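> experimental structure and sequence below, a few questions after.
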Amino acid sequence: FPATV
Amino acid sequence: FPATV
Amino acid sequence: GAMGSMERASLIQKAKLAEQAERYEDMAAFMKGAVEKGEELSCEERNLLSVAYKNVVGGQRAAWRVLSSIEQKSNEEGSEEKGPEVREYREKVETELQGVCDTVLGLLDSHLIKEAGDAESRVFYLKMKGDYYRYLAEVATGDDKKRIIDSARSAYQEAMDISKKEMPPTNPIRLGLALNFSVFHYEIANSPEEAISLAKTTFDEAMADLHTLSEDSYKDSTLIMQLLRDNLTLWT
Amino acid sequence: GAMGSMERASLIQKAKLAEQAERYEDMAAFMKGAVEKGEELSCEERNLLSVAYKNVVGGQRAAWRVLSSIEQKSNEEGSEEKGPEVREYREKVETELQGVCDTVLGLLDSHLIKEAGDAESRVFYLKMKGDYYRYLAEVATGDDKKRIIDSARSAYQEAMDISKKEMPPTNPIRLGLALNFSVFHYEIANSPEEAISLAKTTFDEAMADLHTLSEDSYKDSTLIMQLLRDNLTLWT
Ligand SMILES: *CC(=O)NCC1CCN(C(=O)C2(Nc3ccccc3)CCC2)CC1
Ligand SMILES: *CC(=O)NCC1CCN(C(=O)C2(Nc3ccccc3)CCC2)CC1
Ligand SMILES: [Mg+2]
Ligand SMILES: [Mg+2]
């Protein structure tokens, strides 16, 4: 899963 | 902390 | 609600304790209480709010994906019928997730966004609105799925417009918004080229502005820049 | 309760799904529902019950220890007064922990233990009873603390007596009971020498019986033996 903040 | 199961 | 009798400052104190104890559901309930006092949030308090709900919904999303995968496997050719339980339990987790999202969107609509006049606060809240509509979109399958997707897009776009006008390209809020909107493009809107373009342009504009920063600001900005690079690496 | 309308088999199915999703609170609620159907539990079902509640209470214990440490630091000389919030929140977590323990002890008393006639089942349940009284003891400070400690001791001792008569020294239930009763001695009863003696004697009696075992049984028994060794290493 791609990075999110 | 010591091991317990 | 249940937190109506507790002082604002005590709620914030307890949220910090809950974070140290990794009690994110409690943290979120304390922060909801604090928001419902009706006063604007400081930067530190906005961080507490976001961390709490990120961790709660993150756990729900991870569980939903496990269950959805089992459900998908059960509907392949040759899978022996096991009854309604996998769907029911996925639905249960999905309904709980949707409830958390509705709670966060509710706090933003009543009345965090309308009272936020400074660019950092307004962008932060509009980014959150995008994020929680994006989580709704991840599980949506009905007549409203397109409107949910467009609600996320609209929130992210408003935030992008403000961030570009009012904040430097290294601002962590601006960077985080771009990171997340890029993921929206890739994962939700079926627009991988938009996702890639956004991440690349954001990275490169930040890179060009690092020279202006102190060591502490440089650390903050480069952490998120690395997340942009990590996604680009995954996608290219 | 809320699970009264769900089939026993569906509850067990869902407990397994919850475990895969790392949704231990749900797992525990499903297993409570299954126990409340009133039928005895199989070995697999006893494992599900134990895993669920172990993970729920484990998380509560870890949080309680974080909070208790902050509370202790706040009561040292030179600590600036921060009001009642740390105590209140520790109390909140403590009350939730106690509730979980009371729920497990309730299932064991009504009516898992009385219906368990086979040594493996009766020892397993009496070990659980010891364990959940031990968690109550960890947070106890009142008129009943000695009785809580003695309730754990009595449960563990009954289980030990049965296990020694009815099960081989390599039996994983016997080994696990001894591991936990040894920790009780060390941590709760202020009896480190008893703790050490128990762990050592258990290890050595198991070692002498390994020759009887298949490869799969050997794996099961030696895993717990290593936990005994790990504790002995910590304590000596
Ligand atoms: C003034 C204000 O509203 N600050 C919020 C604060 C900004 C820094 N920050 C972060 O960098 C991290 N989280 C995050 C970044 C960007 C957008 C939203 C959240 C990234 C590690 C924490 C915390 C929030
Ligand atoms: C027949 C029966 O009641 N079996 C229960 C089952 C025994 C094996 N087991 C374990 O070895 C582990 N947990 C545990 C061991 C001893 C006592 C209680 C629990 C140790 C890793 C799982 C699971 C339960
Ligand atoms: Mg553009
Ligand atoms: Mg002895």
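Sure thing, it's come through. Numbering: from 1, shown residues only, chains lettered A, B, ... in the order given. Ligands and ions are numbered 1, 2, ... in the order given.
> what about residue C:89, which SS state?
For residue C:89, the secondary structure call by DSSP: H, G, I helix; E, B strand; the rest coil comes out as helix.
> and it, what is it in contact with?
C:67, D:14, D:17, D:18, D:26 (C-beta atoms under 8 Å, 6 or more residues apart in numbering or on different chains). C-betas here are computed from N, CA, C, even on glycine.
> let's have those residues in a markdown table, adding distance to residue C:108.
Formatted as a markdown table, the entries for those read as follows, by distance: C-beta to C-beta, whole Å:
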| residue | distance to residue C:108 |
| --- | --- |
| C:67 | 28 |
| D:14 | 33 |
| D:17 | 32 |
| D:18 | 31 |
| D:26 | 28 |
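> nearest to chain A among those residues?
Within the contacts of residue C:89, distances to chain A taken as C-beta to the nearest C-beta reach their minimum at residue C:67, with 15.6 Å.
> what sits closest to the residue nearest the centre of chain C if chain neighbours are left out?
Centre of chain C computed as the mean C-alpha position; nearest residue by C-alpha atoms, centre = their mean is residue C:131, 3.6 Å away. Sequence neighbours aside, residue C:180 is the residue nearest to residue C:131 in space, at 6.0 Å (criterion: C-beta to C-beta, 6 or more residues apart in numbering or on different chains).
> element containing that neighbour?
helix C:172-187 (DSSP states H and E).
> that helix: how far from the chain's middle?
Centroid displacement of helix C:172-187 relative to its chain, using C-alpha atoms, centre = their mean, to the nearest Å, is 10 Å.
> which strands and helices lie in contact with it?
Helices and strands touching helix C:172-187, by 3 or more C-beta pairs under 8 Å, 6 or more residues apart in numbering or on different chains; DSSP states H and E, are helix C:119-139, helix C:145-166, helix C:192-207, helix C:215-235.
> most tightly packed of these?
Among the helices and strands packed on helix C:172-187, helix C:119-139 has the highest mean neighbour count (mean count of other C-beta atoms under 10 Å in any protein chain shown), at a mean of 23.
> how far out from the middle of the chain is that helix?
In terms of C-alpha atoms, centre = their mean, the centre of helix C:119-139 is found 6 Å from the chain centre.
> just checking, what packs against that helix?
Other elements packing on helix C:119-139 under the criterion 3+ C-beta pairs under 8 Å, 6+ apart are helix C:43-74, helix C:85-107, helix C:113-115, helix C:145-166, helix C:172-187.
> deepest of those, which one?
Scoring those by mean neighbour count under mean count of other C-beta under 10 Å gives helix C:172-187 as the most buried, with a mean of 24.
> could you check the angle it makes with helix C:43-74?
Our comparison of helix C:172-187 with helix C:43-74, counting by axes from the mean of the first three to the mean of the last three C-alpha atoms, to 10 degrees, yields an angle of 10 degrees.
> show the contacting residues for the residue of chain C found nearest ligand 2.
At 21.1 Å from ligand 2, residue C:66 is the closest residue in chain C, using C-beta to the nearest ligand atom. If you count contacts by C-beta under 8 Å, 6+ apart, residue C:66 has them with D:20, D:21, D:22.
> now the helices and strands packed on helix C:172-187 as a markdown table including distance to residue D:214?
Putting those into a markdown table (distance: least, C-beta to C-beta, whole Å) gives the following:
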| stretch | distance to residue D:214 |
| --- | --- |
| helix C:119-139 | 46 |
| helix C:145-166 | 54 |
| helix C:192-207 | 53 |
| helix C:215-235 | 45 |
